[PDB]
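Peer 1: The structure's right below; bear with me while I get my questions together.
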Amino acid sequence: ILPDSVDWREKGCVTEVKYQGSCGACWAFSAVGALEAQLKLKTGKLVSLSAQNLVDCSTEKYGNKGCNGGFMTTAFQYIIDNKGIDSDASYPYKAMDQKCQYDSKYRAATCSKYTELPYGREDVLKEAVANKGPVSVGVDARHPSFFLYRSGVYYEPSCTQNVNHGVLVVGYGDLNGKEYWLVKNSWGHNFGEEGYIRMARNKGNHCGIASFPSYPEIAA
Ligand SMILES: *[C@@](O)(C(=O)NCc1ccccc1)[C@H](C[C@@H]1CCNC1=O)NC(=O)[C@H](CC1CC1)n1cccc(NC(=O)OC(C)(C)C)c1=O
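Have a look at this one:
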C-alpha cells in the first residue's frame, strides 16, 4: 500500500531550485534533478549536478539541441555512455550553448540505466515516486495560466497531453482532498510556490504529466 502523500524534500533528496533563464534547458534541469536524488540515496551526499554539462555535451548524438530543447531520457543515456556527469560546482550553468567541457576529474555522479514509465498511467507514476524517487516528466506548459501560477492545485481546462516542458515530480499529496503532483520547476525561486507547482493528479493525465515519465538509477 502506497503512502497517501510523499515529499522527497523531507528526505533530503532535492537540491535548491535553479533558474534556467533564457536558455531552453528545462530538460537538462529535469534530468539532473532526478539523478541528484539517486546520488543522495546511494552516497548520502546531496549535490547539484551540472545541467550545463548536459546542454554542452548531450547534443546531436542524443537528439538534443542545447538551449533549443532536448530529452531527459537521452540525457540519462549520455551520462551512461560518458561514464559520468560533473558537479554543478565544477561546471556551472551559463544559460548558453557551449563547447563540451566535461572532465572526469570533476565527476560527481554516474548512471547505470533509466526506466521509461508506461504512457498515461498515473498509478504507475505514483508507485515510482513513492518507491523509487523523483521522476522526470514532461508537461504541457504552453498556456498563460502556467506562467501566472502562484499557489494551490493547478488545473488548466485547455491543457493537452502533448508535452513541451521538462520538470521533476518530487512528491504527491492532496490539498483538502484535491489531489496533486508536487513539481520542481527550473524557473527560479520566485515562480509559483517558491519554485514549485502543485499540478492536478488523477484528473485524466492532466497536462500530460504522466505521458512521458522516466527515472535513472546508479549502480551500487
Ligand atoms: C523547456 O520547456 C524550457 O527550457 N522552457 C523554458 C524556455 C522556453 C523557451 C525559451 C527559453 C526557455 C524546453 C523549451 C523549448 C526549448 C526552447 N524552446 C522551447 O519551447 N522544452 C523542451 O526542451 C522540450 C522537452 C520535452 C519533454 C517535453 N522539448 C524537447 C525537444 C523539442 C521540443 N520542441 C520543439 O522542437 O518544438 C518545435 C516547435 C518543433 C521546434 C521541446 O519542447
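The numbering used here puts the sequence shown at residues 371 to 590. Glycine included, every Cβ here is placed at the ideal spot set by N, Cα and C.
Could you tell me if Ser521 is buried or exposed, where buried requires 16 or more neighbouring beta carbons within 10 angstroms of its beta carbon?
Peer 2: By the neighbour-count rule (16 or more Cβ atoms within 10 Å), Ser521 is not buried but exposed.
Peer 1: Taking 7 Å as the cut-off, decide whether the C-beta atoms of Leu419 and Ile455 are in contact.
Peer 2: In this structure, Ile455 lies closer than 7 Å to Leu419 by Cβ.
Peer 1: Roughly how many angstroms separate the alpha carbons of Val523 and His576, rounded to a whole number?
Peer 2: Using only the alpha carbons, I get a separation of about 12 Å.
Peer 1: Could you tell me the distance, in whole angstroms, from the CA atom of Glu587 to the CA atom of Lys483?
Peer 2: Their Cα atoms are separated by approximately 6 Å.
Peer 1: Could you check whether the region 396 to 404 touches the region 501 to 509, counting it as contact only if at least three pairs of C-beta atoms, one from each stretch, sit closer than 8 Å?
Peer 2: Yes, they touch.
Peer 1: Can you grab the Cα-Cα spacing for the pair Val537 / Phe517, in whole Å?
Peer 2: Roughly 14 Å separates the two Cα atoms.
Peer 1: Using only alpha-carbon positions, find the residue among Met569, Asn534, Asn555, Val499 that is nearest to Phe441.
Peer 2: When each option's Cα is compared against that of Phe441, the closest is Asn534.
Peer 1: If I'm right that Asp377 touches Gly541 with Cβ under 8 Å, what's the distance once you round it to whole angstroms?
Peer 2: Contact holds; Cβ gap of about 4 Å.
Peer 1: Does the beta-carbon of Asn555, which I'm using as the reference point, lie nearer than 6 Å to any heavy atom of ligand 1?
Peer 2: Result no, Cβ not under 6 Å from ligand 1.
Peer 1: Helix, strand or coil for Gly414? Go by DSSP, reduced to three states.
Peer 2: Coil, per DSSP.
Peer 1: Assign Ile371 to one of two classes, buried (16 or more other C-beta atoms within 10 Å of its C-beta) or exposed (fewer than that).
Peer 2: That one is exposed.
Peer 1: On the criterion of 16 or more Cβ atoms from any shown chain inside 10 Å, does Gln408 qualify as buried, or is it exposed?
Peer 2: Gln408 is buried by the Cβ-count criterion.
Peer 1: Looking at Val533 and ligand 1, is the gap between the Cβ and the nearest heavy atom below 6 Å?
Peer 2: Yes, the beta carbon of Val533 sits closer than 6 Å to at least one heavy atom of ligand 1.
Peer 1: For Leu424, tell me which candidate among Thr443, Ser581, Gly562 has the shortest Cα-Cα distance.
Peer 2: Of the candidates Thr443, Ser581, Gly562, the one whose C-alpha sits nearest the C-alpha of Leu424 is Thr443.
Peer 1: Any beta-carbon of chain B closer than 7 Å to the one on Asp510?
Peer 2: In the structure shown, chain B does not exist; there is a single protein chain.
Peer 1: Look at the Cβ atom of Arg571, then the Cβ atom of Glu549, and state whether they are nearer than 7 Å.
Peer 2: Yes, the pair counts as a contact, with Cβ atoms nearer than the cut-off.
Peer 1: Say yes only if the C-beta of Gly541 is nearer than 6 Å to one or more non-hydrogen atoms of ligand 1, and no if none qualify.
Peer 2: Checking the Cβ of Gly541 against ligand 1 gives no.
Peer 1: What is the rounded straight-line gap between the Cα of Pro462 and the Cα of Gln422?
Peer 2: C-alpha separation (whole angstroms): 6 Å.
Peer 1: For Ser506, list the residues DSSP reports as bridge partners.
Peer 2: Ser506 pairs with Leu538, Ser584.
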